[PDB]
Protein chains: 2
Amino acid sequence: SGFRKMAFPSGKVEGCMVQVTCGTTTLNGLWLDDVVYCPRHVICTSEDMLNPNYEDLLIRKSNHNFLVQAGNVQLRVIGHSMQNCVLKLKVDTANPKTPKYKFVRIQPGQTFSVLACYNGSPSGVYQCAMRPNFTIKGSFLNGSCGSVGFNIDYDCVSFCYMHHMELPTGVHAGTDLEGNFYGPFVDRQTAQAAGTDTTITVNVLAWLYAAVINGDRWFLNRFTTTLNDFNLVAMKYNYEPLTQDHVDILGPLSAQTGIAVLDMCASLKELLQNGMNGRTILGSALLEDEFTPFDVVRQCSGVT
Amino acid sequence: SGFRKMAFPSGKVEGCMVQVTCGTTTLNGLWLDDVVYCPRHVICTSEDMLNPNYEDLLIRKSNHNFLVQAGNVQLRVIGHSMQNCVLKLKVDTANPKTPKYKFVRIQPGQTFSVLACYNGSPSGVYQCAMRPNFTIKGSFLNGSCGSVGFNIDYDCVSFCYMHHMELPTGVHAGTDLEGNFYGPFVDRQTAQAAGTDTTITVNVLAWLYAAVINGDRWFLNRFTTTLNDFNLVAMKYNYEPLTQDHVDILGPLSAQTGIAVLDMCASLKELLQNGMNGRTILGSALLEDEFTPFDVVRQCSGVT
Ligand SMILES: *CC(=O)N1CCN(S(=O)(=O)c2ccccc2F)CC1
Ligand SMILES: *CC(=O)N1CCN(S(=O)(=O)c2ccccc2F)CC1
C-alpha cells in the first residue's frame, strides 16, 4: 500500500551521461553506441543565443572543438552532424554501458523520469509529464541542458526528452532525441509564452483509482455522468476533454476497483465543483495529473 | 528554476539489490562486500508472523536454506547471523559493484531516497522522510521488504532504512542497516498504532525558502514573530517545535533570499491561520515538509 510519485531506476541512464564542452559552454550529452547526443546550442556564446544561425555557427566548429568527457576520460570525436536541434557527435568508442534503447516522441499527458545532470554527473531523478501546452515543469539550473527524460520497459530505455531551455515563466522546453522540440518552442533567447496548462483529466482519474485502491475513498459519491456532461464541466475547469479512448485506457482500473469510469468522472466533477474542503487524497490537496493509467497499474502491481 | 521532489540517482544501489528466498518467502537483500542484509522475517511462514520467536525459528535454518540470487546467478552462502531485526548472509563473493558506503541511523524529519524492489529487481525510486512518529509514507507491495532508503554524498551511499512492514493504517516501518527499528515497531503481525504524524516545521520553512528562490512569493507578508510565539501556533497545528538549532540550519537560505528566518516563520504562521485560499506554492496546495534545508540548498545549487 501507499502511492508515491515514482521515477524509473536511473542506473541505465546514469551510464550514458557525459560532459560536452564547446568553447566556454559546458552541458550534458547522452552517449549511446558511438554517438553522443547534445543540444546544438552548445556551440553558442550567450550572445549567439539572441538570434543564432546554427548552420553558420556550426561551420566554425571542427570535431576537435567538441570536448566529450565520460567520468574523467576524454572521448575522441571523429564526426559531428546537426539533426534538428541536437548535435550527434560520433566518437571512436561505443559506450560499453549502452542499454537496450529506443527514441520515442511522447504525446502530451505522458509521464517520464528526468535524470537531472551537471557536467555529465547525475544530481537527481524526478517524474515529469509532457504538459498539454508541450512544456514540462522540471528542476533545471544552468548546466542541466542535455539532461534526458525516459521510460523503461523492463530492460529497454525509451528516451523521450532532452532538456534545452527555460521560458521566462520558469517552465521547461526541450526536444525528442531526433532534436524536434515538443510544441512550438525554438532554441533562441526570445519571447516564447506557453499556452494554457490544462489538467490531464485521464491522469487525474487514474490517480483517483490509485487512491481508492490505497484506501482513500471519502470522495466517492452516489452520482454518475456522461462523457458530454463531464466534458462541459472539464472545459469550465481547464481540464482536457475525456475521450472514449481515455475511458478504454481506464478499463483495467475500473475492473479492479468495480467503479465504472463514468462514476469516477462524476466524483471528479463534484471535486471540481465543491473543492477538497480541506481534505487530502493520497497526501495531496489538489488533483494530481502526473500519473498515467499505465503508471497506476505499474505501481499498484509492482512491475520491475 | 523549478523545484521537484527529487531522489538520488539510484544506480549505485541498483548494483546492490539481490533476491533472498527462505522456504516460500521471497524478498530483497542488500549485497555490500561479501554480506547480504535482509529482514529476518524472511525465515517466517505468515503463520510464524503472529508471534515469531526468531532465535528459535533460525535454529532450523542452515546457510543452504538461504537462496541468494543476483540477476540470474546464485551466490554461495557460507555464513549467517541475526543482528537485531536483520540477517547478515555471508556469501563467498564480494559484490563487484559495492559502492563506498556507510550505515547511518537518521533522525525524524530527515529525507532519503527509496529504491522499491521486487525479487531483487528495481521497480522505482521516490523521496521519503522519517516522520516524527518514526513511520515513513512509502509505496510497498508484498515482495518489497528489504528495499532500502539511502542518501548519497558524491560517491558515498549512506544507507539509513530497510523496509520491513506495513501498519494496519497503510504507513511503513523499518530498520536501519544494523536491524534496529525506527520508533517502537516490531516485526510481528500485531496491534501497532502510529503516534501523531506532526509536520516537520524546519522542512516546511526550507521549502518556503525554495519557493521564494523559484519566484513563488505571494505568501511573503509584512510580519515577523519570535520562536516562542511561532511555537504556540505550531503546537496548535501539530507542527514540530522550532529550535534555535533549526534557525541556525536555515541560515544559508535566509542569507541567499534576505528573508530573516523569523520573518519566514511569521509567513508560515499566517498560512497555518489563513490557509492557502485556493492558491498553490511550488505546485502544492499544502505545505510540503519532505525537503530538508540541505535538500533545498543541494537542489537549488545543483550538487552532483
Ligand atoms: C542550457 C544549459 O544548461 N547551458 C547553456 C548556458 N550555459 S552558459 O552559457 O555556460 C551559462 C552559464 C551560467 C549562466 C548562464 C549561462 F548561459 C550553460 C549550459
Ligand atoms: C514484507 C515482504 O515483502 N514479504 C513478506 C511476506 N511475503 S509472503 O509471505 O510471501 C506473502 C506473499 C503474498 C501476500 C502476503 C504475504 F505475506 C512476501 C515478502
# chains A, B, ... in the order shown; residues from 1 in each chain; ligands from 1

$ residues_near_ligand --ligand "ligand 2" --cutoff "12 Å" --atoms "only C-alpha atoms and all ligand atoms" --output "count of residues only"
52

$ select_by_dssp --residues "region 3-139 of chain B" --states "alpha helix (DSSP H)" --output "ChimeraX atom specification"
/B:11-14,54-59

$ closest_residue --among "B:177, B:6, B:136, B:157" --to "chain A" --atoms "only C-alpha atoms"
B:6

$ interface_residues --of "chain A" --to "chain B" --cutoff "7 Å" --atoms "only C-alpha atoms" --output "JSON, numbers by chain"
{"A": [1, 2, 3, 4, 5, 6, 7, 8, 9, 10, 11, 14, 118, 121, 122, 123, 124, 125, 126, 137, 138, 139, 140, 141, 170, 285, 286, 302, 303, 304]}

$ write_last_selection --atoms "N, CA and C atoms" --output "compact mmCIF listing (two decimals), in the first residue's frame"
# COMPACT_ATOMS: atom_id res chain seq x y z
N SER A 1 0.84 -1.21 0.00
CA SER A 1 0.00 0.00 0.00
C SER A 1 0.88 1.26 0.00
N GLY A 2 0.23 2.40 -0.19
CA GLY A 2 0.90 3.69 -0.37
C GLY A 2 1.12 3.93 -1.84
N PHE A 3 1.10 5.19 -2.22
CA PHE A 3 1.21 5.61 -3.63
C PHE A 3 2.10 6.83 -3.67
N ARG A 4 3.21 6.70 -4.39
CA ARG A 4 4.28 7.73 -4.42
C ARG A 4 4.50 8.17 -5.87
N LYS A 5 4.86 9.44 -6.05
CA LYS A 5 5.40 9.93 -7.33
C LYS A 5 6.75 9.24 -7.53
N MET A 6 6.79 8.26 -8.41
CA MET A 6 7.90 7.30 -8.50
C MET A 6 8.58 7.48 -9.86
N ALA A 7 9.90 7.62 -9.87
CA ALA A 7 10.70 7.63 -11.11
C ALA A 7 11.18 6.22 -11.40
N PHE A 8 11.49 5.93 -12.65
CA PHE A 8 12.26 4.72 -13.01
C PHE A 8 13.61 4.74 -12.29
N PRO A 9 14.15 3.54 -11.98
CA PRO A 9 15.52 3.44 -11.50
C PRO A 9 16.38 4.09 -12.61
N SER A 10 17.35 4.89 -12.24
CA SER A 10 18.11 5.77 -13.17
C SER A 10 19.43 5.15 -13.63
N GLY A 11 19.87 4.02 -13.06
CA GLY A 11 21.21 3.47 -13.32
C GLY A 11 21.52 3.34 -14.81
N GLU A 14 22.25 6.81 -16.07
CA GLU A 14 23.49 7.31 -15.44
C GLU A 14 24.68 6.85 -16.28
N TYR A 118 24.61 17.76 -14.20
CA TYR A 118 25.51 18.93 -14.32
C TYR A 118 26.91 18.38 -14.60
N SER A 121 27.39 14.61 -14.77
CA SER A 121 27.22 13.89 -13.48
C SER A 121 25.78 14.01 -12.98
N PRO A 122 25.14 12.87 -12.67
CA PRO A 122 23.77 12.85 -12.14
C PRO A 122 23.62 13.51 -10.77
N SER A 123 22.65 14.41 -10.61
CA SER A 123 22.35 15.06 -9.32
C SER A 123 21.05 14.50 -8.76
N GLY A 124 20.06 14.17 -9.59
CA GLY A 124 18.78 13.71 -9.05
C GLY A 124 17.90 13.13 -10.10
N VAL A 125 16.87 12.41 -9.66
CA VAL A 125 15.82 11.86 -10.56
C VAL A 125 14.43 12.22 -10.02
N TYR A 126 13.54 12.61 -10.93
CA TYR A 126 12.15 13.01 -10.62
C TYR A 126 11.29 12.66 -11.82
N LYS A 137 7.27 20.85 -16.28
CA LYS A 137 7.59 21.59 -15.05
C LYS A 137 8.69 20.78 -14.38
N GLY A 138 9.94 21.17 -14.63
CA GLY A 138 11.13 20.44 -14.19
C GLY A 138 11.87 21.15 -13.09
N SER A 139 13.09 20.70 -12.85
CA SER A 139 14.04 21.34 -11.94
C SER A 139 15.38 21.36 -12.66
N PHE A 140 15.73 22.50 -13.27
CA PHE A 140 16.87 22.63 -14.21
C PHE A 140 17.62 23.95 -13.97
N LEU A 141 18.87 23.89 -13.53
CA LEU A 141 19.73 25.09 -13.36
C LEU A 141 20.60 25.20 -14.60
N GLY A 170 9.61 30.24 -16.12
CA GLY A 170 10.28 29.22 -15.29
C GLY A 170 9.78 27.80 -15.54
N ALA A 285 -3.49 17.99 -1.62
CA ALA A 285 -4.63 18.92 -1.51
C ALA A 285 -5.08 19.37 -2.90
N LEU A 286 -4.48 18.89 -3.97
CA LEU A 286 -5.04 19.16 -5.32
C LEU A 286 -5.08 17.86 -6.09
N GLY A 302 3.46 -3.70 -9.09
CA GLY A 302 4.87 -3.89 -8.68
C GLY A 302 5.78 -4.34 -9.82
N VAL A 303 5.56 -3.84 -11.04
CA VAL A 303 6.37 -4.21 -12.24
C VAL A 303 7.83 -3.76 -12.02
N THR A 304 8.80 -4.59 -12.43
CA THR A 304 10.26 -4.33 -12.34
C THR A 304 10.89 -4.29 -13.74

$ residues_around --residues "region 243-247 of chain B" --least-positions-apart "3" --cutoff "9 Å" --atoms "only C-alpha atoms" --output "PyMOL selection string"
chain B and resi 201-202+227+250-251+261-262

$ write_last_selection --atoms "N, CA and C atoms" --output "CSV table (one decimal), in the first residue's frame"
chain,number,residue,atom,x,y,z
B,201,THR,N,8.4,21.2,10.8
B,201,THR,CA,8.4,22.6,10.6
B,201,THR,C,9.6,23.1,9.9
B,202,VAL,N,10.8,22.7,10.3
B,202,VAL,CA,12.1,23.2,9.7
B,202,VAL,C,12.0,22.9,8.2
B,227,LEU,N,10.5,32.8,18.2
B,227,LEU,CA,10.4,31.3,18.3
B,227,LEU,C,9.2,30.9,19.3
B,250,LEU,N,18.7,26.9,8.9
B,250,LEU,CA,18.1,27.7,7.8
B,250,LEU,C,18.9,28.9,7.4
B,251,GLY,N,20.0,29.3,8.2
B,251,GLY,CA,20.8,30.5,8.0
B,251,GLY,C,21.2,30.7,6.5
B,261,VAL,N,14.9,34.3,9.2
B,261,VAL,CA,14.1,33.0,9.4
B,261,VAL,C,12.8,33.4,10.2
B,262,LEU,N,12.8,34.2,11.2
B,262,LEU,CA,11.6,34.5,12.0
B,262,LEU,C,10.6,35.2,11.1

$ atom_distance --atom1 "CA of residue 107 (chain B)" --atom2 "CA of residue 234 (chain B)"
19.7 Å

$ residues_around --residues "region 89-101 of chain A" --least-positions-apart "4" --cutoff "7 Å" --atoms "only C-alpha atoms" --output "count of residues only"
21

$ select_by_dssp --residues "region 33-208 of chain B" --states "strand (DSSP E)" --output "number ranges by chain"
B: 35-39, 66-70, 73-75, 77-83, 86-91, 100-103, 111-118, 121-129, 148-153, 156-166, 172-175

$ write_last_selection --atoms "C-alpha atoms" --output "compact mmCIF listing (two decimals), in the first residue's frame"
# COMPACT_ATOMS: atom_id res chain seq x y z
CA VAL B 35 27.45 -9.71 3.13
CA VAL B 36 23.76 -9.76 2.08
CA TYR B 37 21.49 -7.84 4.51
CA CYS B 38 17.75 -8.72 4.60
CA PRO B 39 14.77 -8.62 7.01
CA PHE B 66 19.04 -19.01 2.24
CA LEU B 67 18.77 -18.80 -1.60
CA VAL B 68 20.52 -15.59 -2.77
CA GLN B 69 20.25 -14.67 -6.47
CA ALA B 70 21.99 -11.61 -8.06
CA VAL B 73 23.31 -16.06 -10.83
CA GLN B 74 23.14 -17.78 -7.39
CA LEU B 75 25.51 -16.64 -4.59
CA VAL B 77 26.01 -18.54 1.46
CA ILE B 78 28.94 -19.51 3.76
CA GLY B 79 27.59 -17.94 6.99
CA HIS B 80 24.50 -16.30 8.53
CA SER B 81 23.84 -14.32 11.72
CA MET B 82 20.97 -12.29 13.14
CA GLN B 83 21.73 -8.68 14.17
CA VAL B 86 18.18 -8.12 10.04
CA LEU B 87 20.00 -11.20 8.81
CA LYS B 88 23.56 -10.89 7.55
CA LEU B 89 24.22 -13.63 5.00
CA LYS B 90 27.97 -14.10 4.37
CA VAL B 91 28.49 -15.09 0.69
CA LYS B 100 31.63 3.44 -0.99
CA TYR B 101 29.03 3.18 1.81
CA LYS B 102 28.12 3.89 5.42
CA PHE B 103 25.26 2.74 7.65
CA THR B 111 14.72 12.69 3.99
CA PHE B 112 16.07 9.79 1.94
CA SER B 113 15.53 8.05 -1.40
CA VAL B 114 13.86 4.58 -1.53
CA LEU B 115 14.65 2.09 -4.31
CA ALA B 116 11.48 -0.02 -4.33
CA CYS B 117 12.38 -3.61 -5.44
CA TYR B 118 10.54 -6.94 -6.05
CA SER B 121 14.81 -6.11 -9.22
CA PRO B 122 14.33 -2.30 -9.03
CA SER B 123 10.80 -1.03 -9.91
CA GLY B 124 11.06 2.65 -8.89
CA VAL B 125 12.72 5.41 -6.87
CA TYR B 126 10.98 8.06 -4.70
CA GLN B 127 11.89 10.50 -1.88
CA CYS B 128 10.65 9.86 1.70
CA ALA B 129 11.06 11.43 5.13
CA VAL B 148 16.43 0.28 1.18
CA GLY B 149 16.47 4.02 1.89
CA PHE B 150 19.66 5.97 1.30
CA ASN B 151 21.37 9.33 0.84
CA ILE B 152 24.40 9.95 -1.44
CA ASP B 153 27.31 12.30 -0.53
CA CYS B 156 29.40 7.52 -0.69
CA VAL B 157 25.93 5.89 -0.23
CA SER B 158 24.65 6.29 3.39
CA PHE B 159 22.09 3.51 3.90
CA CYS B 160 19.53 4.59 6.55
CA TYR B 161 16.45 2.35 6.03
CA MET B 162 15.45 -1.22 5.19
CA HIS B 163 11.71 -1.87 4.60
CA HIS B 164 10.11 -4.45 6.98
CA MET B 165 6.35 -3.89 7.39
CA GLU B 166 3.10 -2.03 6.75
CA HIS B 172 5.51 1.90 6.81
CA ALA B 173 8.02 0.79 9.42
CA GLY B 174 11.56 -0.47 9.03
CA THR B 175 15.06 -0.59 10.44

$ residues_around --residues "residue 206 (chain B)" --least-positions-apart "3" --cutoff "9 Å" --atoms "only C-alpha atoms" --output "list in words"
residues 201, 202, 203, 209, 210, 211, 250, 253, 289, 291, 292, 293, 294, 295, 296 and 297 of chain B

$ residues_around --residues "residue 239 (chain B)" --least-positions-apart "2" --cutoff "9 Å" --atoms "only C-alpha atoms" --output "count of residues only"
12

$ atom_distance --atom1 "CA of residue 176 (chain B)" --atom2 "CA of residue 105 (chain B)"
5.7 Å

$ atom_distance --atom1 "CA of residue 184 (chain B)" --atom2 "CA of residue 133 (chain B)"
9.2 Å
